[PDB]
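Enquirer: Chains from the complex, first installment, not repositioned:
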Amino acid sequence: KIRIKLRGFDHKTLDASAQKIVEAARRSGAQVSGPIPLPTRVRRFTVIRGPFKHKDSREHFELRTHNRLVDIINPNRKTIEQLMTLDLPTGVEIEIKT
Amino acid sequence: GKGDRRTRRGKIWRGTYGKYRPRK
Amino acid sequence: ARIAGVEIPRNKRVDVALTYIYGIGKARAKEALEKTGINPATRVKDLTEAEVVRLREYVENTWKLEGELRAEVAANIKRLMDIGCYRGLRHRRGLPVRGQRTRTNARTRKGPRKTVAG
Amino acid sequence: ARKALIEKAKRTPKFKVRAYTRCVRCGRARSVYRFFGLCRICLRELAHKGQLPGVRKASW
Amino acid sequence: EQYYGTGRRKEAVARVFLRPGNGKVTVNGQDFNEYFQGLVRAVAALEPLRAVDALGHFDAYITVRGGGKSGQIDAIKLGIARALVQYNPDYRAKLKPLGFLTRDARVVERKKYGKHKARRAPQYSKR
Amino acid sequence: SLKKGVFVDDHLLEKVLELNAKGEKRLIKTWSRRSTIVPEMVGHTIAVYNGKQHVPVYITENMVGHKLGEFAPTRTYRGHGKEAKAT
């Protein structure tokens, strides 16, 4: 129904919300589906390792943007509550859309 | 040619289109 | 098939032989023919023999005569040194005057590999 | 200078040339980023302690 | 019409569409010589169909998305070869004697350090 | 490629034009050449850092839209030679 911007640090810790709101919202009313994957925006900073005496042969450096969204089929007072009353604040910076 | 003053891709390599060959 | 100018490129396409007339180029030989109605894929030799002679006055209306603006190539260099500026001896020492490098590349206005002793 | 090149550039910034896009703790101004702030040298001796996660080694 | 065949060269999202009909070969809104016009490798597309005396009674249009052009032809040579699940894949005497059972996997190799265009590099100097 | 805004530096825009108030000596010290030379006063001598040192410039009424950027002597190029090649 509603879009929720899911940004996690690692995809396991983003599955600590994408696999916890879902399995915390299937059992008692106003059901929920699984998360579709937003594109992992892997940045590229392929820059020189050594400070001065290093001309070529540099190492790849990435930046992984693990992002999904969970599609609920009904929001109410017992499923919007499950978005903001459970938390594992170690791999999660999420937003709620409207 | 790339390095020419005005060709097809001479606007591409140098950045902008011409005053006789516009965008559309 | 006589032309509007002086040097004849010997009976080519109207986009080609009409172009390198002095005072004429790509964006003058391209728009000077589509206004008059000549298909740009046709030949100068296969033009109408009245279009040979009536496409001559249109070129000689505004811009200054052949060789005179080529003399203004050497005269603009004269008028920029109105007090004998430094750009004048930027010009008259055989080098590009924009500010290119001149040890490597931009070997044009310099004499090609002319003078070194060692 | 070596110490107060940070405080030399903290006058009024004028306009959009001679940019003070410098590294934070040391006196570098080369290969800084608009996500790090640090440079390509300080991501080597700072982000490979574990101090700055996110960026890792991909090596695919 | 919707089959198992997904021929993916060139990161082309292959959705191949065919059933027993009347025409030889079709494409999205064109007629095999206007959309596929431009490469001679598109003059004879249906090699797995025409190779087994099953030439031209299939619709054989597509919805393929990604990359360029000739990997769609490779998505016919391999896309129909994966899309013959309607024509009973236990038929093991139709593609085995011909030199056909090598799959399209030749992808263009990636690019590395000290290098212009994927194993083109500046040379030695000795000074 | 010059535009409708003929820019002179705010450090050097109207602090060259002290002549037009009353009339004084024929020298005033400006710095820049990327800023446009002042078109208000004509015929006099304007002191400028001409690239090497502060030596003045003198117009003789030949400028209509010509750029002053061709006035910069600091490469005193005596001539060719003196290379000592193969090194």
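Expert: Structure received. Numbering: from 1, shown residues only, chains lettered A, B, ... in the order given.

Enquirer: element containing whatever residue of chain D ends up closest to chain C, please.
Expert: The nearest approach of chain D to chain C comes at residue D:17, 18.8 Å away (CB to the nearest CB). C-beta coordinates here come from the backbone N, C-alpha and C atoms, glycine included. Assigned by DSSP states H and E, residue D:17 belongs to no helix or strand.

Enquirer: Run a quick neighbour tally on residue 20.
Expert: Reading this off chain A. 15 (other CB atoms under 10 Å in any protein chain shown).

Enquirer: try again with chain C
Expert: By other CB under 10 Å, the residues close to residue C:20 number 15.

Enquirer: contacting residues for the residue lying closest to it once chain neighbours are set aside?
Expert: Leaving aside its chain neighbours, residue C:20 sits nearest to residue C:9 (6.3 Å; criterion: CB to CB, 6 or more residues apart in numbering or on different chains). Residues near residue C:9 by CB atoms under 8 Å, 6 or more residues apart in numbering or on different chains: C:16-17, C:20.

Enquirer: ok, back up a step: quick one: contacts for the residue of chain D closest to chain C?
Expert: With CB under 8 Å, 6+ apart, residue D:17 has no contacts at all.

Enquirer: show me where chain B has helices.
Expert: Listed in chain order, the helices of chain B (DSSP state H) span B:10-14.

Enquirer: Quick check: whichever residue of it sits closest to chain D vs residue F:68, distance?
Expert: With CB to the nearest CB, the shortest gap between chain B and chain D falls at residue B:15, namely 19.4 Å. Separation of residue B:15 from residue F:68 (CB to CB, to the nearest Å) stands at 28 Å.

Enquirer: and if you look at residue E:70?
Expert: Distance of residue E:70 to residue F:68, computed by CB to CB: 59 Å.

Enquirer: which residue ranges form the strands in the chain?
Expert: As the question left the chain open, I've gone with chain A. A:4-8, A:32-37, A:43-44, A:62-63, A:66-72, A:95-96 (DSSP state E).

Enquirer: The chain in question should be chain F.
Expert: F:29-30, F:45-48, F:57-58.

Enquirer: now for chain G:
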Amino acid sequence: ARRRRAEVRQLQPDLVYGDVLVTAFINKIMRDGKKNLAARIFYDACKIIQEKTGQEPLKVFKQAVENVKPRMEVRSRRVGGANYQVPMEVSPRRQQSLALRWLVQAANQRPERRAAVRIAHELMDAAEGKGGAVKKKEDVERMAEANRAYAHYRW
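Expert: This next block brings in chain G, placed alongside the chains you saw above:
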């Protein structure tokens, strides 16, 4: 080293008329990876590969198989005093490949104004069977099996 058999250099089964022998020669005509400008010479040109040879549009090179292939020439010599390593008991694959890379520049190096003559400058030489590879088999490939002096140095 070199002690290993080759690769999948045999290109692909093509689809136009078969004929992988001369499609590789189209790959010798083309440059810069350009297609639909070299295949138009051999396939889409309907007036130069036929109406001049007399017959047989695709198999013009019947004459350009039997008596045109260069086969027999020296490999490589160092200071190597007076070896003359012509005979060599040469290979058919190298015999075909020297024709495929040496029957190319009788049209590129020999220009003509017309867009129907500079292409199929080669087709008359393939139909007739003449050029630079016919006198070369009499000059180079007939100086190895007649008489007795050269050198015992072989390998």
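
Enquirer: Please re-evaluate the neighbour count of residue A:20 in the presence of chain G.
Expert: Neighbour count for residue A:20, taken as other CB under 10 Å: 15.

Enquirer: so where do the strands sit in chain E?
Expert: Along chain E, the stretches classed as strands by DSSP E are E:13-17, E:61-65.

Enquirer: State which helix of the chain is the longest.
Expert: Since no chain was named, I'll use chain A. helix A:11-18.

Enquirer: other chain: chain C
Expert: When chain C is parsed with DSSP H, its longest helix is helix C:68-80.

Enquirer: Name the residues of it that are buried.
Expert: residue C:80 (16 or more other CB atoms under 10 Å in any protein chain shown).

Enquirer: Return the list of helices and strands in contact with the next helix-or-strand element following it.
Expert: Following helix C:68-80 in sequence order, the next helix or strand is helix C:88-91 (DSSP H and E). When contacts are defined as 3 or more CB pairs under 8 Å, 6 or more residues apart in numbering or on different chains; DSSP states H and E, helix C:88-91 packs onto helix C:68-80.

Enquirer: roughly how far out does the helix it packs on sit from the chain middle?
Expert: 14 Å (CA atoms, centre = their mean, to the nearest Å).

Enquirer: Same check on stretch E:40-48?
Expert: 9 Å.

Enquirer: what do you get for stretch C:54-62?
Expert: With CA atoms, centre = their mean, you get 17 Å for stretch C:54-62.

Enquirer: what's in contact with stretch C:96-112?
Expert: Against stretch C:96-112 from outside (CB under 8 Å, 6+ apart): C:87, C:90-91, C:94-95.

Enquirer: Most neighbours of all those, which one?
Expert: Within the contacts of stretch C:96-112, neighbour counts (other CB under 10 Å) peak at residue C:90, which reaches 21 neighbours.

Enquirer: show me what contacts that residue?
Expert: By CB under 8 Å, 6+ apart, residue C:90 lies in contact with C:97, F:70.

Enquirer: Look up how far residue F:70 lies from it.
Expert: 8 Å.

Enquirer: what does residue C:108 give?
Expert: Distance of residue C:108 to residue F:70, given as CB to CB: 20 Å.

Enquirer: Also, this goes in as RNA strand H:
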RNA sequence: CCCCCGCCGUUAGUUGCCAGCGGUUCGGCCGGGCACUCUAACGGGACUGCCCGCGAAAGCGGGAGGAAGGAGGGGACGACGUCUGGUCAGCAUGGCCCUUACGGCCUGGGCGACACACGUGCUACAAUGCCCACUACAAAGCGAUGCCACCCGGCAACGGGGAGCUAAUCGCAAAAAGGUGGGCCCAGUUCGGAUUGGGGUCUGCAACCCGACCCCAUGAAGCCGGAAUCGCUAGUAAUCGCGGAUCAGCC
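Expert: Okay, here's RNA strand H dropped in alongside the others:
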């Protein structure tokens, strides 16, 4: 053991396809699908394992066979050590001097000065190339003071809006020879090309000598090079095509 790649039942079904049959503006468009489709989550997923020859001893030719084969592929990866190789033009650290100073203080000039002489990037010697009707087959990073379709004023280099986006459609961009094209007719030639002094638009304190070079002026050199070099083994060269990164142009 760590992934790309070819690769699937399970796959999440905001990419969603009339593939059934649906109705539509005839883009699955729209009020249920997930049967066919990725991104990203994933566990199964052949192993010369079986056979017949070489052999006292695995090296063991080839067949079956699948996504691929006897090492499925490139890649990812870097020994004990060498060069008293180099780094203060990162950092801390020993040490020479400098602390009324090789510091800061203020904005013009310089690193792009020219007659050379080696290799490194764009790279035409032409009908097989080319200003030229043209609109497409897009792999991934980019982008809300930025991208900027459409709608513009447009001979425009580009003013001023808005359309969609706090970021996979919406828009980046054009994917390139796709052209079923008309021709440039052996040409030092619209194949080819720079330096050039005046005008018009700037993103920007400001573009000169250090804006892209935008239609203009104008187009010198070049027909494949010598004593034999040097990047390349089948998706490898080679023109073509896209974005960043400090980022205003871009050098």
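
Enquirer: mind redoing the buried residues of helix C:68-80 now RNA strand H's in there?
Expert: Buried, per 16+ other CB under 10 Å, within helix C:68-80: residue C:80.

Enquirer: and the closest residue to residue G:121 other than its chain neighbours, how many neighbours?
Expert: Sequence neighbours aside, residue G:107 is the residue nearest to residue G:121 in space, at 3.8 Å (criterion: CB to CB, 6+ apart). Other residues near residue G:107 number 20, with proximity taken as other CB under 10 Å.

Enquirer: do you know how far residue G:107 is from residue F:29?
Expert: Look at residue G:107 and residue F:29: by CB to CB, they are 73 Å apart.

Enquirer: ok, the closest residue to residue B:4 other than its chain neighbours - contacts?
Expert: Leaving aside its sequence neighbours, residue B:4 sits nearest to residue B:10 (CB to CB, 6+ apart; 4.6 Å). Counting by CB under 8 Å, 6+ apart, residue B:10 touches B:1-4.

Enquirer: any idea which of these has the most stuff around it?
Expert: Highest count within those by other CB under 10 Å belongs to residue B:4, 12 neighbours.

Enquirer: what's the spacing between it and residue G:29?
Expert: Counting by CB to CB, the gap from residue B:4 to residue G:29 is 27 Å.

Enquirer: that's a helix at residue G:86, yeah?
Expert: No. According to DSSP: H, G, I helix; E, B strand; the rest coil, residue G:86 belongs to no helix; its state is coil.

Enquirer: so how far is residue C:51 from the nearest residue to it once chain neighbours are set aside?
Expert: Spatial nearest neighbour of residue G:86, excluding adjacent residues (CB to CB, 6+ apart): residue G:144 at 4.5 Å. Distance of residue G:144 to residue C:51, computed by CB to CB: 68 Å.

Enquirer: so residue E:76 makes contact with residue E:50?
Expert: No. Residue E:76 is beyond contact range of residue E:50, at 10.8 Å (criterion: CB atoms under 8 Å).

Enquirer: These two: who's more crowded?
Expert: Each of residue E:76 and residue E:50 has its neighbours counted (other CB under 10 Å); residue E:76 has more, 28 against 15.
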